[PDB]
Amino acid sequence: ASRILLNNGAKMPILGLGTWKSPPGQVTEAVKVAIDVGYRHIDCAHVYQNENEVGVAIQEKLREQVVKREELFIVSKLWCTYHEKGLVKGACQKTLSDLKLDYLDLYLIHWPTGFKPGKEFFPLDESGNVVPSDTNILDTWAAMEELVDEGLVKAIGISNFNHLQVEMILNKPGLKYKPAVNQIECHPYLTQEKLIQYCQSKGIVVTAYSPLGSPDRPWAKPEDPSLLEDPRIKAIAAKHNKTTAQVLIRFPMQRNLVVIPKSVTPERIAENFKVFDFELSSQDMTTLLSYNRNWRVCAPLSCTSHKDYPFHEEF
Ligand SMILES: NC(=O)c1ccc[n+]([C@@H]2O[C@H](COP(=O)([O-])OP(=O)(O)OC[C@H]3O[C@@H](n4cnc5c(N)ncnc54)[C@H](OP(=O)(O)O)[C@@H]3O)[C@@H](O)[C@H]2O)c1
Ligand SMILES: O=C(O)Cn1ccc(=O)n(Cc2nc3cc(Cl)ccc3s2)c1=O
């Protein structure tokens, strides 16, 4: 089916539109087209610096009577410089104002690491190390819970949390809301079998990001693995008369994951949603899982000393 049930009773579309690196000059058109061809879930973040333009597109399609707010599933994320409990609500409200919404369907702690509060999103010292903040995940979570109680957001969750960071929250004394979602990197070179098993066994829905391997990521090296150009995956697609991207989007869907491929190119936006008319076989699934190399798009060395850096742990 097209939607998956969350712990709060709401249903989440399993295919959404990513917006990281979608320039402000193009993401309004991307979103409009996306809604026109069927997308109802949009993945956003304050750090992507384009939530206003995303908001422009939603507002207009609401105005046009193309969609109703209730049919939309809008996700955003609390950036790292706002982990202090006194900053959380303001950060949420800024996102809501920018998107021109009165609630979010889902709001995530973007990363488990808090960074020094201030205007810079990535504060570094004179030697380039990220400057942390003295916040911890449990106090940040409690501040996220308050947003649910105040009606700003319908569900809360986490992103880039390892299973021990997830358990810290689950085991929180006085926990009010369990996380609904853990949004993590996931694709054939980073298949996340252990963390997915963990999360799904705890009734936490997993959303896969960079499912196409983020070729537009700014730190890409020419020699890095390229999913979209992998000849083995090209062959699986050719057999189904689909593109490599469609194969890469359909793969996590068949794992009971949500997936959020990014594009600002109208034809690719449309292409990427045409993944409900075919099935990957059991062999296809097995083959794609066998490509795991434990290889991350997102894992910058500049964060690796943070006390809460998530990827020292096996999962
Ligand atoms: N939670 C977090 O920490 C986190 C981290 C990373 C990403 N995410 C979210 O996950 C989303 C997806 O990940 P991502 O943006 O890193 O990368 P991605 O979705 O893996 O790949 C996007 C890249 O693929 C290209 N593309 C899209 N459809 C294509 C197609 N059919 N054929 C060929 N190329 C295609 C896009 O090009 P064009 O756009 O130029 O068409 C863009 O360069 C993000 O936008 C963001 O919403 C969350
Ligand atoms: O966060 C997003 O959704 C998109 N994005 C944008 C810029 C960027 O550098 N990254 C890489 C990061 N790695 C860590 C790793 C850790 Cl531990 C904390 C923060 C980050 S940000 C990134 O993923």
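Rules behind the numbers
- Residues numbered from 1 in each chain as written, not as in the entry; some residues may be left out.
- Chains lettered and ligands numbered in written order.
- Heavy atoms only, no water.
- Near = heavy atom within 4 Å.
- Polar contact = N/O pair within 3.5 Å; in protein donor to acceptor, adjacent residues only side chain to side chain.
- Areas by Shrake-Rupley, 256 points an atom, 1.4 Å probe, with all protein chains shown as cover.
- Nonpolar A, V, L, I, M, F, W, Y, C, P; charged D, E, K, R; others polar.
- Pairing = 2+ DSSP bridges.
- Helix = DSSP H or I, 4+ residues; strand = E, 2+ residues; numbered from the N terminus.
- Contact = heavy atoms within 4.5 Å.
- Axes fitted to C-alpha atoms, helices over the stretch in contact; angles between N-to-C directions.
- Disulfide = S-S within 2.5 Å.
- Buried < 20%, exposed > 50% of the residue type's maximum accessible area, 1.4 Å probe, protein only.
- UniProt positions renumbered as here; feature names shortened; annotations may be inferred.
- 1 Å grid on protein atoms, 1.4 Å probe; cavity = no way out; pocket = protein on both sides within 12 Å on 5 of 7 lines; lining within 4 Å.
- Points joined across faces, edges and corners; volume = space filled by probe spheres on them.

Method of determination, as given in the entry header: X-ray crystallography; reported resolution: 1.45 Å.

Draft legend 1. Representation of the site of ligand 2 in the model. In the region of ligand 2, 14 residues are neighbours, and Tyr 48, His 110, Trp 111, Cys 298 and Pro 300 sit closest. Within the side chain of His 110, a nitrogen or oxygen atom sits 2.7 Å from an oxygen atom of ligand 2. When ligand 2 sits alone it has 490 Å² of accessible area, and the protein chains cover 90% of it. Taken together, the residues that form the shell around ligand 2 break down as twelve nonpolar, two polar and no charged.

Draft legend 2. Molecular detail of the sheet that holds strand 3 (residues 16–18). Here eight strands make up an open sheet; going across it, the order is 3-4-5-6-7-8-9-10 and the pairing parallel. Each edge of the sheet is formed by a strand with only one pairing partner; in this case those strands are strand 3 and strand 10 (258–259). Here three bridges tie strand 3 to strand 4 (residues 41–43), and the two strands are oriented parallel to one another. Bridging across to strand 4, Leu 17 finds its partner in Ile 42. Along the sheet, helix 3 (residues 88–99) contacts strand 5 (73–78) and strand 6 (106–109); its crossing angle with strand 5, the most-contacted strand, is approximately 140°.

Draft legend 3. Spotlight on the state of the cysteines. Evaluation of the coordinates by the stated rule reveals zero disulfides. Take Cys 44: it sits in no disulfide, and the sulfur closest to it among the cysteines is that of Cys 92, at 12 Å. Of all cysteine sulfurs, the one in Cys 199 lies closest to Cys 186, which takes part in no disulfide; the gap is 11 Å. Residue class for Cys 186 comes out buried when judged on its relative accessible area of 3%.

Draft legend 4. Examining the UniProt feature "active site" in the protein chain more closely. The UniProt feature table records "active site" at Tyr 48. Here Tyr 48 lies in the loop between strand 4 and helix 2 (51–63). Excluding anything up to four places from it in sequence, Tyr 48 contacts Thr 19, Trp 20, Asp 43, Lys 77 and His 110.

Draft legend 5. Main features of empty space enclosed by the protein. Summed over the entire model, instances satisfying the criterion amount to two cavities of 30 Å³ or more. By volume, the largest cavity is sized at about 100 Å³. For the largest cavity, the lining is made up of 14 residues, of which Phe 161, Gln 192, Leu 195, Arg 296 and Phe 311 are closest to its centre. A per-class count over the lining of the largest cavity returns seven nonpolar, three polar and four charged. Here the second largest cavity defines a volume of roughly 40 Å³. What lines the second largest cavity is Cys 186, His 187, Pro 188, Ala 208, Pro 211, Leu 248, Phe 251, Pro 252, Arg 255 and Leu 257. Counting residues per element, the lining of the second largest cavity draws most heavily on helix 8 (residues 244–253), at three residues. Taken together, the residues that form the lining of the second largest cavity break down as eight nonpolar, one polar and one charged.

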